[PDB]
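S.K.: This is protein04.txt (compact mmCIF, C-alpha atoms).
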# COMPACT_ATOMS: atom_id res chain seq x y z
CA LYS A 1 95.70 109.11 110.28
CA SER A 2 93.29 106.16 110.57
CA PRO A 3 93.90 104.76 107.03
CA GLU A 4 97.67 104.78 107.64
CA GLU A 5 97.34 103.36 111.16
CA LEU A 6 95.00 100.59 109.96
CA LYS A 7 97.31 99.87 106.99
CA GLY A 8 100.25 99.57 109.43
CA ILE A 9 98.19 97.30 111.74
CA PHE A 10 96.92 95.27 108.76
CA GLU A 11 100.45 94.87 107.33
CA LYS A 12 101.94 93.86 110.71
CA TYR A 13 99.24 91.20 111.26
CA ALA A 14 99.47 90.03 107.61
CA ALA A 15 103.26 89.59 107.93
CA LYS A 16 102.67 86.89 110.61
CA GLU A 17 101.23 84.74 107.76
CA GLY A 18 104.42 85.43 105.71
CA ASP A 19 102.34 87.28 103.07
CA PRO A 20 102.98 90.94 104.08
CA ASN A 21 99.82 92.21 102.31
CA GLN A 22 97.07 89.70 103.27
CA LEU A 23 95.08 88.39 106.29
CA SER A 24 93.88 84.75 106.39
CA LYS A 25 90.62 84.17 108.38
CA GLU A 26 92.64 83.54 111.55
CA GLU A 27 94.81 86.63 111.04
CA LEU A 28 91.76 88.77 110.24
CA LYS A 29 90.00 87.35 113.32
CA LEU A 30 93.08 87.81 115.55
CA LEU A 31 93.53 91.38 114.42
CA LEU A 32 89.82 92.13 114.94
CA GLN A 33 89.94 90.57 118.43
CA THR A 34 92.97 92.61 119.46
CA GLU A 35 92.08 95.92 117.78
CA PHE A 36 88.23 95.72 117.87
CA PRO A 37 87.08 93.29 120.69
CA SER A 38 83.31 93.77 120.09
CA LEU A 39 83.18 94.20 116.27
CA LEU A 40 83.17 90.42 115.80
CA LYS A 41 80.10 90.24 118.16
CA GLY A 42 80.52 86.44 118.61
CA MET A 43 83.29 84.24 117.10
CA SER A 44 80.98 82.30 114.70
CA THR A 45 80.10 85.60 112.95
CA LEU A 46 83.66 85.50 111.48
CA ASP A 47 82.29 83.07 108.89
CA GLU A 48 79.67 85.53 107.62
CA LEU A 49 81.85 88.60 108.17
CA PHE A 50 84.86 87.11 106.34
CA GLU A 51 82.60 85.72 103.57
CA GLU A 52 81.08 89.18 103.00
CA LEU A 53 84.30 91.16 103.58
CA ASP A 54 86.72 89.02 101.52
CA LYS A 55 84.52 89.22 98.40
CA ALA A 56 87.40 89.19 95.88
CA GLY A 57 90.13 87.41 97.87
CA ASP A 58 87.96 84.52 99.24
CA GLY A 59 90.87 82.91 101.17
CA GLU A 60 92.82 85.97 102.40
CA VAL A 61 91.70 89.59 102.98
CA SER A 62 93.95 92.02 101.09
CA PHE A 63 94.18 95.67 102.22
CA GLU A 64 91.65 96.33 99.42
CA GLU A 65 89.13 94.01 101.06
CA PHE A 66 90.18 95.26 104.52
CA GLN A 67 89.24 98.84 103.58
CA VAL A 68 85.68 97.48 103.12
CA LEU A 69 85.93 96.49 106.82
CA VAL A 70 87.35 100.00 107.53
CA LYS A 71 84.24 101.53 105.88
CA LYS A 72 82.30 99.65 108.62
CA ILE A 73 84.67 100.58 111.51
CA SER A 74 84.30 104.21 110.33
CA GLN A 75 87.18 105.44 112.57
Take the structure in the file and write it out as C-alpha cells.
M.R.:
Amino acid sequence: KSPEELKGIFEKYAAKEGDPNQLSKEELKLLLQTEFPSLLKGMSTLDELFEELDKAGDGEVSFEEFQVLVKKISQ
C-alpha cells in the first residue's frame, strides 16, 4: 500500500511543477509539510534534507530519490 500511496502523492505534487515525475525543493517541502508536518523539524532543515535526499537529482527529487526519503518515513 504505502509505496503506491506515496508514489501517487509524489506524482500529484510533482505534476504541479509540470514535470509529472519530479519534486523541486519547494514541491518536496510542500508535500512534506502537508503529508508529514513534523518530519521537516524546522524549515531551514530542508536545505540539508534536500541536499542529502536528492543525491543524484540535485535540483529535483525523482521518485528514485524520494524512495530514499520513504526509507526514512518507514511507513
S.K.: Hey, what's within 9 Å of residue 63 of chain A if we count only C-alpha atoms and toss same-chain stuff fewer than 3 positions away? As a list in words, please?
M.R.: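 These residues fall inside the cut-off: residues 7, 10, 11, 21, 22, 23, 66, 67 and 68 of chain A.
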S.K.: List as a PyMOL selection string the protein and nucleic acid residues near residue 24 of chain A, meaning an atom at most 7 Å away when all atoms listed in the file are counted, but skip any in the same chain fewer than 2 places from it.
M.R.: chain A and resi 22+26-28+59-61
S.K.: Pull the neighbourhood of (82.1, 92.1, 106.8) for me: all residues within 10 Å in file coordinates, counting all atoms listed in the file, as a PDB file with C-alpha atoms, keeping the file's coordinate frame.
M.R.:
ATOM      1  CA  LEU A  39      83.180  94.200 116.270  1.00  0.00           C
ATOM      2  CA  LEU A  40      83.170  90.420 115.800  1.00  0.00           C
ATOM      3  CA  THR A  45      80.100  85.600 112.950  1.00  0.00           C
ATOM      4  CA  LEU A  46      83.660  85.500 111.480  1.00  0.00           C
ATOM      5  CA  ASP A  47      82.290  83.070 108.890  1.00  0.00           C
ATOM      6  CA  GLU A  48      79.670  85.530 107.620  1.00  0.00           C
ATOM      7  CA  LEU A  49      81.850  88.600 108.170  1.00  0.00           C
ATOM      8  CA  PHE A  50      84.860  87.110 106.340  1.00  0.00           C
ATOM      9  CA  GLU A  51      82.600  85.720 103.570  1.00  0.00           C
ATOM     10  CA  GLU A  52      81.080  89.180 103.000  1.00  0.00           C
ATOM     11  CA  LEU A  53      84.300  91.160 103.580  1.00  0.00           C
ATOM     12  CA  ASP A  54      86.720  89.020 101.520  1.00  0.00           C
ATOM     13  CA  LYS A  55      84.520  89.220  98.400  1.00  0.00           C
ATOM     14  CA  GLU A  65      89.130  94.010 101.060  1.00  0.00           C
ATOM     15  CA  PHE A  66      90.180  95.260 104.520  1.00  0.00           C
ATOM     16  CA  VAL A  68      85.680  97.480 103.120  1.00  0.00           C
ATOM     17  CA  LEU A  69      85.930  96.490 106.820  1.00  0.00           C
ATOM     18  CA  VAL A  70      87.350 100.000 107.530  1.00  0.00           C
ATOM     19  CA  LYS A  71      84.240 101.530 105.880  1.00  0.00           C
ATOM     20  CA  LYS A  72      82.300  99.650 108.620  1.00  0.00           C
TER      21      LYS A  72
END
S.K.: Can you tell me how far atom CA of residue 1 of chain A sits from atom CA of residue 58 of chain A, in Å to one decimal?
M.R.: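 Here the two named atoms are 28.0 Å from each other.
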S.K.: Work out how far apart atom CA of residue 14 of chain A and atom CA of residue 32 of chain A are and give it in Å to one decimal.
M.R.: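 So the two atoms, atom CA of residue 14 of chain A and atom CA of residue 32 of chain A, lie 12.3 Å apart.
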S.K.: Mind pulling up the distance from atom CA of residue 13 of chain A to atom CA of residue 31 of chain A?
M.R.: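 These two atoms are separated by 6.5 Å.
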S.K.: Padding 5 Å on each side, edges along x, y and z: where is the centre of the box around the listed atoms of segment 24-42 of chain A, and how long are its edges in Å to one decimal? Output it as JSON.
M.R.:
{"center_x": 87.5, "center_y": 89.7, "center_z": 113.5, "size_x": 24.7, "size_y": 22.4, "size_z": 24.3}
S.K.: Of the candidates A:18, A:12, A:73, A:25, which one gets nearest to residue 38 of chain A if we count all atoms listed in the file?
M.R.: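 Of the candidates, the smallest distance to residue 38 of chain A is held by A:73.
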S.K.: Some atoms are absent from segment 7-29 of chain A, so rebuild N, CA, C and O atoms and return them as a PDB file, in the coordinates of the input.
M.R.:
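The new file result_30.pdb reads:
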ATOM      1  N   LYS A   7      96.398 100.500 107.937  1.00  0.00           N
ATOM      2  CA  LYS A   7      97.310  99.870 106.990  1.00  0.00           C
ATOM      3  C   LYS A   7      98.513  99.276 107.727  1.00  0.00           C
ATOM      4  O   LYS A   7      98.872  98.128 107.480  1.00  0.00           O
ATOM      5  N   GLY A   8      99.130 100.044 108.629  1.00  0.00           N
ATOM      6  CA  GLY A   8     100.250  99.570 109.430  1.00  0.00           C
ATOM      7  C   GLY A   8      99.861  98.318 110.213  1.00  0.00           C
ATOM      8  O   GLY A   8     100.508  97.280 110.084  1.00  0.00           O
ATOM      9  N   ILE A   9      98.786  98.414 110.998  1.00  0.00           N
ATOM     10  CA  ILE A   9      98.190  97.300 111.740  1.00  0.00           C
ATOM     11  C   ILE A   9      98.044  96.100 110.802  1.00  0.00           C
ATOM     12  O   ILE A   9      98.673  95.060 111.001  1.00  0.00           O
ATOM     13  N   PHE A  10      97.210  96.265 109.776  1.00  0.00           N
ATOM     14  CA  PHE A  10      96.920  95.270 108.760  1.00  0.00           C
ATOM     15  C   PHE A  10      98.202  94.578 108.292  1.00  0.00           C
ATOM     16  O   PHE A  10      98.308  93.357 108.361  1.00  0.00           O
ATOM     17  N   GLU A  11      99.180  95.363 107.836  1.00  0.00           N
ATOM     18  CA  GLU A  11     100.450  94.870 107.330  1.00  0.00           C
ATOM     19  C   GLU A  11     101.164  94.027 108.394  1.00  0.00           C
ATOM     20  O   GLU A  11     101.638  92.927 108.113  1.00  0.00           O
ATOM     21  N   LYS A  12     101.262  94.549 109.620  1.00  0.00           N
ATOM     22  CA  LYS A  12     101.940  93.860 110.710  1.00  0.00           C
ATOM     23  C   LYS A  12     101.277  92.510 111.001  1.00  0.00           C
ATOM     24  O   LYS A  12     101.973  91.504 111.119  1.00  0.00           O
ATOM     25  N   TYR A  13      99.945  92.469 111.109  1.00  0.00           N
ATOM     26  CA  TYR A  13      99.240  91.200 111.260  1.00  0.00           C
ATOM     27  C   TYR A  13      99.514  90.284 110.063  1.00  0.00           C
ATOM     28  O   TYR A  13      99.987  89.163 110.236  1.00  0.00           O
ATOM     29  N   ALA A  14      99.238  90.759 108.850  1.00  0.00           N
ATOM     30  CA  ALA A  14      99.470  90.030 107.610  1.00  0.00           C
ATOM     31  C   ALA A  14     100.830  89.337 107.598  1.00  0.00           C
ATOM     32  O   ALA A  14     100.905  88.125 107.410  1.00  0.00           O
ATOM     33  N   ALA A  15     101.898  90.095 107.862  1.00  0.00           N
ATOM     34  CA  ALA A  15     103.260  89.590 107.930  1.00  0.00           C
ATOM     35  C   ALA A  15     103.410  88.302 108.757  1.00  0.00           C
ATOM     36  O   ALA A  15     104.245  87.463 108.424  1.00  0.00           O
ATOM     37  N   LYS A  16     102.612  88.112 109.815  1.00  0.00           N
ATOM     38  CA  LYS A  16     102.670  86.890 110.610  1.00  0.00           C
ATOM     39  C   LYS A  16     102.399  85.650 109.743  1.00  0.00           C
ATOM     40  O   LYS A  16     102.995  84.599 109.963  1.00  0.00           O
ATOM     41  N   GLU A  17     101.541  85.787 108.727  1.00  0.00           N
ATOM     42  CA  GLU A  17     101.230  84.740 107.760  1.00  0.00           C
ATOM     43  C   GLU A  17     102.239  84.730 106.605  1.00  0.00           C
ATOM     44  O   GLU A  17     101.938  84.193 105.539  1.00  0.00           O
ATOM     45  N   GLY A  18     103.415  85.346 106.762  1.00  0.00           N
ATOM     46  CA  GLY A  18     104.420  85.430 105.710  1.00  0.00           C
ATOM     47  C   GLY A  18     104.031  86.500 104.691  1.00  0.00           C
ATOM     48  O   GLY A  18     104.758  87.473 104.511  1.00  0.00           O
ATOM     49  N   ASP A  19     102.888  86.320 104.022  1.00  0.00           N
ATOM     50  CA  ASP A  19     102.340  87.280 103.070  1.00  0.00           C
ATOM     51  C   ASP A  19     102.194  88.645 103.752  1.00  0.00           C
ATOM     52  O   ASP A  19     101.324  88.795 104.605  1.00  0.00           O
ATOM     53  N   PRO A  20     102.986  89.664 103.383  1.00  0.00           N
ATOM     54  CA  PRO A  20     102.980  90.940 104.080  1.00  0.00           C
ATOM     55  C   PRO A  20     101.715  91.751 103.811  1.00  0.00           C
ATOM     56  O   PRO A  20     101.476  92.738 104.503  1.00  0.00           O
ATOM     57  N   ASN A  21     100.921  91.383 102.798  1.00  0.00           N
ATOM     58  CA  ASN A  21      99.820  92.210 102.310  1.00  0.00           C
ATOM     59  C   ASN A  21      98.467  91.498 102.387  1.00  0.00           C
ATOM     60  O   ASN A  21      97.562  91.877 101.639  1.00  0.00           O
ATOM     61  N   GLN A  22      98.302  90.480 103.243  1.00  0.00           N
ATOM     62  CA  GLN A  22      97.070  89.700 103.270  1.00  0.00           C
ATOM     63  C   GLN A  22      96.805  89.000 104.604  1.00  0.00           C
ATOM     64  O   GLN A  22      97.732  88.484 105.221  1.00  0.00           O
ATOM     65  N   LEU A  23      95.534  88.976 105.031  1.00  0.00           N
ATOM     66  CA  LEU A  23      95.080  88.390 106.290  1.00  0.00           C
ATOM     67  C   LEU A  23      94.226  87.139 106.032  1.00  0.00           C
ATOM     68  O   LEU A  23      93.090  87.261 105.573  1.00  0.00           O
ATOM     69  N   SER A  24      94.723  85.942 106.352  1.00  0.00           N
ATOM     70  CA  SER A  24      93.880  84.750 106.390  1.00  0.00           C
ATOM     71  C   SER A  24      92.804  84.914 107.460  1.00  0.00           C
ATOM     72  O   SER A  24      92.999  85.709 108.376  1.00  0.00           O
ATOM     73  N   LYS A  25      91.705  84.149 107.394  1.00  0.00           N
ATOM     74  CA  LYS A  25      90.620  84.170 108.380  1.00  0.00           C
ATOM     75  C   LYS A  25      91.126  84.332 109.808  1.00  0.00           C
ATOM     76  O   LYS A  25      90.654  85.195 110.538  1.00  0.00           O
ATOM     77  N   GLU A  26      92.089  83.501 110.201  1.00  0.00           N
ATOM     78  CA  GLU A  26      92.640  83.540 111.550  1.00  0.00           C
ATOM     79  C   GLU A  26      93.334  84.866 111.830  1.00  0.00           C
ATOM     80  O   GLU A  26      93.192  85.426 112.914  1.00  0.00           O
ATOM     81  N   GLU A  27      94.084  85.383 110.857  1.00  0.00           N
ATOM     82  CA  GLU A  27      94.810  86.630 111.040  1.00  0.00           C
ATOM     83  C   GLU A  27      93.817  87.783 111.137  1.00  0.00           C
ATOM     84  O   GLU A  27      93.921  88.629 112.024  1.00  0.00           O
ATOM     85  N   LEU A  28      92.820  87.785 110.249  1.00  0.00           N
ATOM     86  CA  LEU A  28      91.760  88.770 110.240  1.00  0.00           C
ATOM     87  C   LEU A  28      91.049  88.742 111.591  1.00  0.00           C
ATOM     88  O   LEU A  28      90.940  89.773 112.256  1.00  0.00           O
ATOM     89  N   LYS A  29      90.608  87.554 112.015  1.00  0.00           N
ATOM     90  CA  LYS A  29      90.000  87.350 113.320  1.00  0.00           C
ATOM     91  C   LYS A  29      90.888  87.950 114.403  1.00  0.00           C
ATOM     92  O   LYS A  29      90.428  88.781 115.176  1.00  0.00           O
TER      93      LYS A  29
END
